[PDB]
Engineer: 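A single structure is presented below for examination.
Below, chains carry the letters A, B, ... as their sequence lines are ordered, and counting in each starts from 1. Hydrogens, waters and symmetry mates play no part in the numbers below; they use all other heavy atoms, side chains included. When a ligand or atom number is given, it counts from 1 through the structure's own listing order.
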Amino acid sequence: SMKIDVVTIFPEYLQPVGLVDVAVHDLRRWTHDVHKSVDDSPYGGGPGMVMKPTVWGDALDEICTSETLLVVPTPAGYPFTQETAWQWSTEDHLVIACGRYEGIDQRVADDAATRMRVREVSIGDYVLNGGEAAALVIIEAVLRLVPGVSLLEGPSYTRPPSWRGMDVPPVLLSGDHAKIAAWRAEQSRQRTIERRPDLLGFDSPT
Amino acid sequence: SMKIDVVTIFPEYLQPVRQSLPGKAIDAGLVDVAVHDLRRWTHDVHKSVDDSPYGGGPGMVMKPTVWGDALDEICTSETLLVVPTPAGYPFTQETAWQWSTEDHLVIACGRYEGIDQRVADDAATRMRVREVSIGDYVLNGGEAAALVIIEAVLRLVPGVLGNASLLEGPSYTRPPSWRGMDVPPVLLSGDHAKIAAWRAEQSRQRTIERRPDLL
Ligand SMILES: COc1cccc(Cn2ccc3ccc(-c4cc(N)[nH]n4)cc32)c1
Ligand SMILES: COc1cccc(Cn2ccc3ccc(-c4cc(N)[nH]n4)cc32)c1
């Protein structure tokens, strides 16, 4: 059984979501001023804004326990991989803190780490506008592994066997499991070399 | 302008990002994102979009005839067809930059075990097709990947999303002291050359600790 809490200033963005419950919380519910200002300019200068630690601290205080795995998406995170998804799949409680602006004051994660396990993670080498899309990716990747729910995949085909003058590879129609297993292995390793040579320990392109 | 068409059996999944589009950018015709239910192009009363894999195996494969009709209607020769897949080339910030000046992206979201390969192969004979992965994990389908790609691309298109190597280091804001933790004094020093050097060193350390692959 798993509980996932997502904290965000944009709850509605999380709407794309019995053994697991997922709850979404509006970070602004923990503000005290009438303007509900969650951000301010960075110490030391620079463009953009930083989310204040105070509002986050109060939210996480209420939502997290010492058992919680606090997940913080960030372009500067450790990589979130399939191995990470397997590791997190057996957790009782994930809390996903979604940043906006130019991110969250580092002290939020540092404070939380005195009380619970904290994981700053990146879902890939591109920049999002906030943590919400990363939260959706993480949730989907994790939940499909939850109990009771290498090489690149080769191409797949289904009916009809000829379409627009393009044939399904004859071996797949042959019913010869060994030859089919072999052809699929060759396709996979061929695809991995071309698209992801790093997975086989070769240099990346360009 | 950039037009993005997304084709999916779960059109509701793409609703958040339709919402996240500022009225100004739409009104200025800078961007238009449309979402299409794939079942609109099914042939049968059961609106079937999947069928068993040739050569056997687990799961199901999406039907080429349905996808072919969908893409025939939606794409032109000028379309960049984006097909999320765990077996794709890596989608990176470089990709996002390249795609940000495209006139027309069409994102084909698969489910089950993916789309019959002939769909992409046929499309590639008359338009640019890009099969891409957004990271080394497996999703249930292409929709979350489409959300990521749309966000990463559109935030690079001037004035669209409302937003305006080494890893970025830690950031701090008010208050100067919080739960026993002080903002690093250097940041309040007014020595901006020293601050830049401190930030550079933080970036170097973080990259070493978290992403040694970048070094
Ligand atoms: C914090 O440093 C940042 C620097 C510039 C922009 C942003 C935007 N932003 C805000 C919160 C946030 C959370 C996650 C992500 C993210 C993660 C991955 N893998 N890509 N993008 C991006 C986020 C942050
Ligand atoms: C096609 O090969 C597959 C093999 C096993 C499962 C699935 C699930 N699935 C279906 C359609 C689909 C589209 C994209 C993705 C995806 C992309 C990234 N980076 N992770 N996951 C996953 C998808 C597909």
Engineer: Quick one: does A:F80 get within less than 4.0 Å of ligand 1, heavy atoms only?
Structural biologist: no
Engineer: Do me a favour and list the nearest non-hydrogen protein atom to atom 7 (C) of ligand 1 with residue, atom name and distance?
Structural biologist: A:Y101 O, 3.9 Å
Engineer: Near A:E83 CD, under 6.0 Å, is it more than 12 heavy atoms from other residues, nucleotides or ligands?
Structural biologist: no
Engineer: Looking at A:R117 and A:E91, does any basic side-chain N land under 4.0 Å from a carboxylate oxygen?
Structural biologist: yes
Engineer: Backbone, side chain, both or neither: what part of B:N140 comes under 4.0 angstrom of ligand 2, heavy atoms only?
Structural biologist: backbone
Engineer: Run the contact test for A:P75 against ligand 1 with a 4.0 Å cut-off on heavy atoms, strictly below, and give the result.
Structural biologist: yes
Engineer: Look only at the side chain of B:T92 and the backbone of A:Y126, and say whether a donor-acceptor pair between them is shorter than 3.5 Å.
Structural biologist: no
Engineer: Are any of the N/O atoms in B:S133 less than 3.5 Å from those in ligand 2?
Structural biologist: yes
Engineer: Nearest protein heavy atom to atom 1 (C) of ligand 1, by residue and atom, and its distance?
Structural biologist: A:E102 O, 3.3 Å
Engineer: Is there a polar contact, in the sense of an N or O pair closer than 3.5 Å, between A:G99 and ligand 1?
Structural biologist: no
Engineer: What is the closest protein heavy atom to atom 4 (C) of ligand 2, and at what distance does it sit?
Structural biologist: A:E153 OE2, 3.7 Å
Engineer: Do we get B:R118 above A:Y157's six-membered ring, with its NZ or CZ under 6.0 Å from the centre and within 45° of the axis?
Structural biologist: no
Engineer: Look only at interatomic distance and state if A:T74 has a nitrogen or oxygen under 3.5 Å from any nitrogen or oxygen of ligand 1.
Structural biologist: no
Engineer: If I take atom CG from residue A:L151 and atom OG1 from residue A:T192, how far apart are they, to the nearest 0.5 angstrom?
Structural biologist: 4.5 Å
Engineer: Give a yes/no on ligand 2: does B:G141 have at least one heavy atom closer than 4.0 angstrom to it?
Structural biologist: yes
Engineer: What I want to find out is whether A:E153 reaches A:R191 closely enough, with some N-O distance under 4.0 Å, to be called a salt bridge.
Structural biologist: no
Engineer: Assess A:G124 for proximity to ligand 1: is some non-hydrogen atom of it under 4.0 Å away?
Structural biologist: yes
Engineer: Do NZ/NE/NH1/NH2 and the carboxylate oxygens of A:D125 and B:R211 come within less than 4.0 Å?
Structural biologist: yes
Engineer: Could you tell me the residue and atom name of the protein heavy atom closest to atom 20 (N) of ligand 1, and the distance to it rounded to 0.1 Å?
Structural biologist: A:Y126 O, 2.7 Å
Engineer: Any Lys/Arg nitrogen of B:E73 or B:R40 sitting under 4.0 Å from an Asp/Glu carboxylate oxygen of the other?
Structural biologist: yes
Engineer: Any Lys/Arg nitrogen of A:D33 or A:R28 sitting under 4.0 Å from an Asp/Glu carboxylate oxygen of the other?
Structural biologist: no
Engineer: Salt bridge check: are A:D61 and A:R115 linked by an N-O gap of less than 4.0 Å?
Structural biologist: yes
Engineer: Please determine if A:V127 has a nitrogen or oxygen closer than 3.5 Å to a nitrogen or oxygen of ligand 1.
Structural biologist: no
Engineer: If we only count N/O pairs under 3.5 Å, is B:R155 in contact with ligand 1?
Structural biologist: no
Engineer: For A:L173 and B:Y54, what are the C-alpha separation, side-chain angles and deciding distance, and is it a side chain to side chain contact (heavy atoms under 4.5 Å, CB included)?
Structural biologist: CA-CA 6 Å; A:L173 274 39; B:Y54 274 120; 3.5 Å; yes
Engineer: Which atoms of ligand 2 sit under 4.0 Å from any heavy atom of B:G142?
Structural biologist: 12 (C), 13 (C), 14 (C)
Engineer: Looking only at N/O atoms, are A:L128 and ligand 1 under 3.5 Å apart anywhere?
Structural biologist: yes
Engineer: Check this for me - ligand 2, B:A145, N or O atoms closer than 3.5 angstrom, yes or no?
Structural biologist: no
